[PDB]
Protein chains: 2
Amino acid sequence: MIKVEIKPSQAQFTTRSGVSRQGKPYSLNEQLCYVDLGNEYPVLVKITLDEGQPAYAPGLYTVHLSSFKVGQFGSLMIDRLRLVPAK
Amino acid sequence: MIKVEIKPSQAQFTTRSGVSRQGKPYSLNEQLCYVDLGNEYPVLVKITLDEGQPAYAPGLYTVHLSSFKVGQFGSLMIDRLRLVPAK
């Protein structure tokens, strides 16, 4: 069965909360969301999403939709947690 | 079917190559391996492995076996690409 697992969206985890104003020289679109992940024990990180980009709702969601990177000679999650429904 | 995809181990990609000596105050165990990944186009990053920790051979391999992180309020790949056989 399984994948990487952010099973979820606890109801507690509904949020978005935008760390900023309007920036310019430096500007700011921030929505933000609590999550957690499935390790060894189910758990608690924050996805600092896309501002376009509404909240995820209450469920079990997965992987890439960009999400990993290189940067350098590197996988990077740098760019962002990206989510999608448990396949 | 699919996962995250480092399908592989091209034969070219056999390596290990240890960026160092013996360190101490700062020391160094480095084995290293070329890989590539399945995006949009199949591709080319370096897994900077575990020194214990022999090379991966020529195939199609996957995900976590630690591999992602938090660090901070964060998934991190920081710690390391970790690989395993295509399930």
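Per the PDB entry, chain A goes by the name GENE V PROTEIN and belongs to Enterobacteria phage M13. The title field of the PDB entry reads "REFINED STRUCTURE OF THE GENE 5 DNA BINDING PROTEIN FROM BACTERIOPHAGE FD". The UniProt entry for chain A carries the following text under Subunit: "Homodimer."

Q: It is not clear to me how the overall build of chain A should be interpreted in this structure. Could you clarify?
A: When you go through chain A residue by residue, the secondary structure sums to zero helices and four strands. For chain A, the succession of helices and strands along the chain, N to C, is β-β-β-β. C-alpha extents for chain A along the principal axes are approximately 45 × 35 × 20 Å. A burial count over chain A gives 33% of its 87 residues as buried. Long-range pairs, those at least 24 residues apart, make up 39% of the contacts in chain A between residues at least 6 apart in sequence. Total accessible area computed for chain A in this model is approximately 5,500 Å², and 57% of it derives from carbon and sulfur atoms. Here chain A holds 10 positive side-chain charges and 7 negative ones, and the gap between their average locations is 6 Å.

Q: When you look at the side chain of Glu30 of chain B in this model, what are you seeing that I'm missing?
A: Relative to the helices and strands, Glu30 of chain B is located in the segment before β1 (33-37). Buried within the structure, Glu30 of chain B lacks any salt-bridge partner; its nearest side chain of opposite charge belongs to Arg80 of chain B, at an N-O separation of 6.8 Å.

Q: Is there a simple way to think about the relation of the copies chain A and chain B in this case?
A: Two copies of a chain can be linked by a rotation about an axis combined with a shift along that same axis. Laying chain A over chain B is done by rotating through 180 degrees and shifting 0.0 Å along the axis; what remains is an RMSD of 0.0 Å. Seen this way, the second copy is the image of the first under a two-fold rotation axis. Here 100% of the contact residues of chain A are again contact residues in chain B; the copies associate through an equivalent surface.

Q: Can you help me understand the packing of aromatic side chains in this one?
A: Aromatic rings considered in pairs are described by the distance between their centres and by the relative angle of their planes. Residues and elements named next belong to chain B. All chains considered together, the criterion is met by five aromatic pairs over all chains. Ring geometry for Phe13 versus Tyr34: centroids 5.7 Å apart, planes at 55 degrees, classification tilted. Residue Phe13 is found in the segment before β1, and its partner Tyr34 is found in strand β1; the two are separated by 21 residues along the sequence. On the accessibility criterion, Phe13 (5% relative accessible area) is buried. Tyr34 gets classed as partly exposed once you look at its relative accessible area, which sits at 40%.

Q: Help me understand the interface of chain A and chain B, please; the structure alone is not making it clear to me.
A: The extent of an interface is frequently quoted as the accessible surface area lost upon association of the parts. Contacts between the two partners involve 16 residues from chain A and, on the opposite side, 16 residues from chain B. Counting the surface chain A buries against chain B, the share from its top three residues, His64, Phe73 and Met77 of chain A, is 32%. The tally of links from chain A across to chain B stands at zero salt bridges. Applying the counting criterion to the chain A and chain B interface returns zero residue pairs in polar contact.

Q: I tried to follow the side chain of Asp36 of chain A on my own but got confused; where do I start?
A: By the element assignment, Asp36 of chain A lies in strand β1 (residues 33-37). Lacking a salt bridge, the buried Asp36 of chain A has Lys7 of chain A as its closest oppositely charged neighbour, with an N-O distance of 8.5 Å.

Q: What is the right way to read the pairing of β1 of chain B from this model?
A: On a regular strand, one side chain projects to one face of the sheet and the next to the other, so that they alternate. Residue and element names in this part refer to chain B. The element β1 is extensively covered by neighbouring structure, given that four of its five residues are classed as buried. The pairing of β1 with strand β2 (residues 43-47) spans five bridges and is antiparallel. Bridged to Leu37 within β2 is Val43. Between the antiparallel neighbours β1 and β2 lie five residues.

Q: So what exactly am I meant to see when it comes to unusual backbone geometry here?
A: Among all residues except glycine, the phi angle is most often negative; among peptide bonds, the trans geometry is most common. Residue and element names in this part refer to chain B. Despite not being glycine, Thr15 shows a phi value in the positive range, around 25 degrees. Relative to the helices and strands, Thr15 is located in the segment before β1. Of note in this structure, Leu65 is not a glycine but carries a positive phi near 110 degrees. Residue position: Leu65 is located in the loop between β3 (61-62) and β4 (84-85).

Criteria and cut-off values
- Residues numbered from 1 in each chain as written, not as in the entry; some residues may be left out.
- Chains lettered and ligands numbered in written order.
- Heavy atoms only, no water.
- UniProt positions renumbered as here; feature names shortened; annotations may be inferred.
- Helix = DSSP H or I, 4+ residues; strand = E, 2+ residues; numbered from the N terminus.
- Buried < 20%, exposed > 50% of the residue type's maximum accessible area, 1.4 Å probe, protein only.
- Contact = heavy atoms within 4.5 Å.
- Areas by Shrake-Rupley, 256 points an atom, 1.4 Å probe, with all protein chains shown as cover.
- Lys, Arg positive; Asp, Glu negative; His and termini not counted.
- Charge placed at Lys NZ, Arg CZ, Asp CG, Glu CD.
- Salt bridge = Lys/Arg side-chain N within 4 Å of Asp/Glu carboxyl O.
- Least-squares fit on C-alpha atoms.
- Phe/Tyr/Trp six-rings, centres within 6.5 Å; stacked < 30°, edge-to-face > 60°.
- Buried area = accessible area lost by both parts, 1.4 Å probe.
- Polar contact = N/O pair within 3.5 Å; in protein donor to acceptor, adjacent residues only side chain to side chain.
- Pairing = 2+ DSSP bridges.

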